[PDB]
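Enquirer: Mind having a look at this structure? Questions to follow.
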Amino acid sequence: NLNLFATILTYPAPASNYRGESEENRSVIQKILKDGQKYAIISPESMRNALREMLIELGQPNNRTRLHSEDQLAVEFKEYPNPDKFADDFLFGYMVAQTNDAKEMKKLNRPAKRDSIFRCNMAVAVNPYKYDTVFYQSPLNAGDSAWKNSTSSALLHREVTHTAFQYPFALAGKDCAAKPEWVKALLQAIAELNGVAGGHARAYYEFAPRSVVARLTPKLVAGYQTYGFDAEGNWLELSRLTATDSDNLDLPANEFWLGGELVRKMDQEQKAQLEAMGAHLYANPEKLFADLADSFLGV
Amino acid sequence: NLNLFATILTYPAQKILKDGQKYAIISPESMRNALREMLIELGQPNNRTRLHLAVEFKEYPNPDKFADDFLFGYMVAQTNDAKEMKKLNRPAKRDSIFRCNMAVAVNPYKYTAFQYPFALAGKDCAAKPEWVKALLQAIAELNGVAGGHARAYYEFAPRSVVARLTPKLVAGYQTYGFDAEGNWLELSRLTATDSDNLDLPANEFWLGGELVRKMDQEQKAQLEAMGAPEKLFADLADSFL
Amino acid sequence: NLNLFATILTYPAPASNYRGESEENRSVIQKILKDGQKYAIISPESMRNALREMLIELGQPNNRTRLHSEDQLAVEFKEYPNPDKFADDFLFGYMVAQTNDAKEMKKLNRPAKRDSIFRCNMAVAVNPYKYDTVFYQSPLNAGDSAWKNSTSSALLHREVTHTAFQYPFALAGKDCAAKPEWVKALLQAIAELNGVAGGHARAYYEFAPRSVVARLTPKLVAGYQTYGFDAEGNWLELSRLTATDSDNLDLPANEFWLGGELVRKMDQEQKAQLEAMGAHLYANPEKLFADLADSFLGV
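Residue numbers (PDB author numbering), protein chains in the order written: chain N, 3 to 301; chain O, 3 to 15, 32 to 70, 75 to 133, 165 to 281, 287 to 299; chain I, 3 to 301.
Written out as structure tokens, the structure reads:
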């Protein structure tokens, strides 16, 4: 079997994703700090929901569909999760945390367990500063209105940041019946990955990937330094030449795949030099995703 | 998908240095208010037609008529007459048809151009006739005045030549390429040859903001892209629709 | 006979391992505090189970296989542990704490005891701060589903930390019939050692080793300061030149093995100088593990 895992980054653009809501007066952004600096935003399960939403446009069955009618958030389910009957939200038949009986383990032998077949982690930014606001205001209708919102007009300040942040993920999965087309669709859909982290009609943003690198696809799990390339500069080529050197005499290497952004602006003679095994170079992420899916899937 | 990506436009002709090189000036909310009154000028009376001295109140926004009151026909109050669930069925819904972002200045601050990223991705939601009659007349012209309290209004023809991208859904065609003095938003992306490599573009060419505004060897570009000048921007949206 | 023992550490990456579960509202991580600071996480038995799980993929016999069918946690066994018949979960035939008789000591003279032939200790982090959350929510289905989960939607926040933590271990064992192959497989498996602290589809982490150091293989056990090299910097080189100095005139020393992360970045003249006995320098930990296993195993 083969296991693959990759890392991407996105284009730089101003963004604002309120996530904490510690107080109503002001919206907070920061999540975690390291080495005395505050960097990261965005939780992985938000991206999981984004993938769930995006998988619908490719024509696959679904069960957990979000509905917005009642005041509290709600997601409706189908009759019962079935990993083999359909996509089952990508083989995600989850637990039944109740003792109401009627479990399919009595009838359909369903063990109330999933097929995760995936993995990911939270994104981290590359710039620390988060002390900028917009300082706008909210008005009041006061026009003989039948409904009142807050009976006041006030001033509020949001929080903004101009930073591009990276994203690691690992799959390391295996294929079965009717699985390969689903996993190929997932690999196709992960390329675009827009409309992430909830709705944003005033702070437009996207997860368009540039300089994507996938590591050690044929061999077993040997991942290391997933958060390597940062500081708006390439860093996996120096790691490639140092760790698992290009030459196969002293330090052997393994098949690699490189994104288009890294090779877009770098020495052509360096491209010729970096041909010990040839590696895999491409100009756009979509083509390399297609080729990697074809190679890893075995078909 | 049947949605068009961002169409950044610039005017080559107040946070100060948010980072060490750039900053943000215009909030995203201002232009929406400016676009509100421009809608009225085009003979499209809306519901929330507040004079903005006096803010008025029309009936409940139960019908999603006149661009759904510009995409904010919601109510959040406690009762709202049982939240209008009797026979109206409008539970704080919010259409997402027009999306924008902050406009920044390319020129560093000294102790005049700006960019407006767009997002008109509406697929079948914006393709219905009740919105077809509106978008081609309320958004295509895109020629108005912003601000109003102070002399700050800039809507200029030069924009990136981008059209409907059906085979590939919304995906980054770069962002914030000023090209006021660089003229490189193409990023050497031409589909002159497709068998070997560099098959990136999909014939997005049109009469952009630098045909006669800049002299070069662009004559071969239209001989290569075959894509589909100030007023002609509104034509492309109408031509495809 | 020779006795080996080594220490490793991993790459820095955000991680979360809920281990306390004091209350349902929040999940706690911290385990122990020292010198007024709260550092360490993770228990040795987690790594023991991880090694047990990963020994299966290398083609070895097993008895204790975990199964998730009944509500309580369950692991099933074979007929009876046998240290010599097969791997016996790496010579781990444990006690029979019952007076039911039928013990093999009556028939096969099995003493109901083990061959542990191993030892380890809990990992300890290097950064104390733990005061950040993510503040996510759990929704309610309420979609005319036949089964209800909690009949409510709640708001709950996790706990995360960005730290890289080390790991000491000691073997100090001896080989017997059919044992060298099993111990070589164990040394091969300890290199990757992923999937620790159970599955994690939201907090991806791994134990890829960098700057692994092995100490005092030939002579009797004389380990000292196992948790030594910390503060994101090498500290065993100054200890090497001070304690058991490289020169063999005043303070005699012993054969050492140094990982790739340390030798990746120091002065080349420093590498040349540290050649009194030559020591043993390698660029990747896997080659070091292979060579050390070959040398210590005697074959």
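A virtual CB, placed ideally from N, CA and C, is assigned to each residue, including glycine.
At a CB distance below 7 Å, what residues from the stretch 101-128 of chain O approach chain N? Give them in sequence order.
Expert: For the stretch 101-128 of chain O, which is checked against every Cβ of chain N, the residues closer than 7 Å are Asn102, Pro113, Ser118, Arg121, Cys122, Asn123, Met124.
Enquirer: Kindly say whether N:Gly95, judged by its beta-carbon, lies nearer than 8 Å to any beta-carbon of chain I.
Expert: Closer than 8 Å: no.
Enquirer: Which residues share a DSSP beta bridge with O:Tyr207?
Expert: Bridge partners of O:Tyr207: none, in fact.
Enquirer: Go through the stretch 147-214 of chain N residue by residue and report every complete run of the alpha helix (DSSP H) that reaches 4 residues or more, in order.
Expert: The stretch 147-214 of chain N contains these whole alpha helix (DSSP H) runs: 181-194.
Enquirer: In the DSSP assignment, what are the bridge partners of I:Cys122?
Expert: I:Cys122 is bridged to I:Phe171.
Enquirer: Quick check on N:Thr244: does DSSP put it in helix, strand or coil?
Expert: DSSP places N:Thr244 in helix when its eight states are reduced to three.
Enquirer: What does I:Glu78 touch in chain N if you count any residue whose Cβ is under 9 Å from its own?
Expert: What I:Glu78 touches in chain N: nothing, since even the nearest Cβ is about 15 Å away.
Enquirer: Would you identify the three-state DSSP class for N:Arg54, choosing helix, strand or coil?
Expert: In this structure, N:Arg54 counts as helix in the three-state DSSP scheme.
Enquirer: How would you label I:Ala210, buried or exposed, when you count the other beta carbons within 10 angstroms and need 16 or more for buried?
Expert: Label assigned to I:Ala210: buried.
Enquirer: Compare the C-beta of I:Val215 against all C-beta atoms of chain N and say whether one is closer than 8 Å.
Expert: Answer no: the Cβ-Cβ gap between I:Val215 and chain N never drops below 8 Å.
Enquirer: Given O:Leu243, which residues of its chain have a CB within under 6 Å of its CB, disregarding the five upstream and five downstream residues?
Expert: Same-chain partners within the cutoff: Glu277.
Enquirer: Do you know whose CA, among N:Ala203, N:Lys115, N:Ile58, N:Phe298, lies nearest N:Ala89's CA?
Expert: Minimum Cα distance to N:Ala89 is reached at N:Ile58.
Enquirer: Given this structure, state the Cα-to-Cα distance separating O:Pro170 from N:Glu257, to the nearest angstrom.
Expert: Cα to Cα, the separation comes out at about 39 Å.
Enquirer: Would you mind reading off the limits of the alpha helix (DSSP H) that contains I:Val77?
Expert: Counting along the chain, I:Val77 falls outside any alpha helix (DSSP H), though it belongs to the beta strand (DSSP E) covering 76-78.
Enquirer: Counting only C-beta atoms, is N:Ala156 closer than 8 Å to chain O at any point?
Expert: No, because no Cβ of chain O sits closer than 8 Å to the Cβ of N:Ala156.
Enquirer: Using a Cβ-Cβ distance under 8 Å, would I:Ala148 count as near chain N?
Expert: Interface residue, yes.
Enquirer: Going along chain N, which residues have a C-beta under 8 Å from I:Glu194?
Expert: Near I:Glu194 (Cβ distances below 8 Å), the residues of chain N are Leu222, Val223, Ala224.
Enquirer: Contact defined as beta carbons within less than 8 Å: I believe I:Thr101 pairs with I:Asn129. What is the distance between those atoms, to the nearest angstrom?
Expert: Rounded, the Cβ-Cβ distance is 50 Å, inconsistent with contact.
Enquirer: Is the shortest distance between the beta-carbon of O:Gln227 and the beta-carbons of chain N less than 8 Å?
Expert: So yes, O:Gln227 belongs to the interface.
Enquirer: By DSSP, does O:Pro46 sit in helix, in strand, or in coil?
Expert: In the structure shown, O:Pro46 sits in a helix (DSSP, three-state: H, G or I).
Enquirer: Output yes or no for whether 8 Å exceeds the beta carbon distance between I:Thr163 and I:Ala17.
Expert: Yes.
Enquirer: Under 7 Å Cβ to Cβ from I:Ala224, same chain only, skipping five residues before and after it: list those, please.
Expert: Within the same chain, I:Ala224 has close Cβ partners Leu218.
Enquirer: Could you name the residues of chain O that N:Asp134 contacts, counting a contact when the two beta carbons are closer than 7 Å?
Expert: The contacting residues are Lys33, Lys36.
Enquirer: Hey, does I:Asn250 have any beta-carbon neighbour from chain N nearer than 8 Å?
Expert: It does not; no Cβ of chain N falls within 8 Å.
Enquirer: With a cut-off of 8 Å, does the C-beta of N:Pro63 fall near any C-beta of chain I?
Expert: No, because no Cβ of chain I sits closer than 8 Å to the Cβ of N:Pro63.
Enquirer: Find the nearest neighbour of O:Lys132 within the set O:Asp293, O:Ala255, O:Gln39, judged by alpha-carbon distance.
Expert: The shortest Cα separation from O:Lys132 among O:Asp293, O:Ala255, O:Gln39 belongs to O:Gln39.
Enquirer: CB I:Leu189 to CB I:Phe94, shorter than 8 Å?
Expert: Cβ atoms of I:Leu189 and I:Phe94: not closer than 8 Å.
Enquirer: Beta-carbon within less than 8 Å of O:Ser297's beta-carbon, same chain only, minus the 5 sequence neighbours each way: which residues are those?
Expert: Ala281.
Enquirer: Can you check which of these residues, O:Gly261, O:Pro46, O:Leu4, is closest to O:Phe167 by C-alpha distance?
Expert: With distances taken between Cα atoms, O:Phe167 lies closest to O:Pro46.
Enquirer: Under a three-way DSSP split, which group does N:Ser140 fall into?
Expert: Strand, per DSSP.
Enquirer: Should O:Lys176 be labelled buried (16 or more other beta-carbon atoms within 10 Å of its own) or exposed?
Expert: Its Cβ having fewer than 16 others within 10 Å, O:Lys176 is exposed.
Enquirer: In the DSSP assignment, find the unbroken alpha helix (DSSP H) run with N:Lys132 in it and report its ends.
Expert: Careful: N:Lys132 lies outside any alpha helix (DSSP H) and carries neither H nor E.
Enquirer: In chain order, what residues of the same chain have a beta carbon less than 8 Å from the beta carbon of I:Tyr226, not counting five sequence neighbours either side?
Expert: If we look at I:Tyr226 and ignore the five residues flanking it on each side, its Cβ neighbours are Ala245.
Enquirer: Grouping DSSP H, G and I as helix and E and B as strand, with all else coil, what is I:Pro287?
Expert: It is helical.
Enquirer: In the DSSP output, what is I:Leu69 paired with across the bridge?
Expert: Paired residue(s): I:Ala76.
Enquirer: Measure the alpha-carbon distance for I:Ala193 versus I:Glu208 and round it to whole angstroms.
Expert: Those two C-alpha atoms are separated by around 11 Å.
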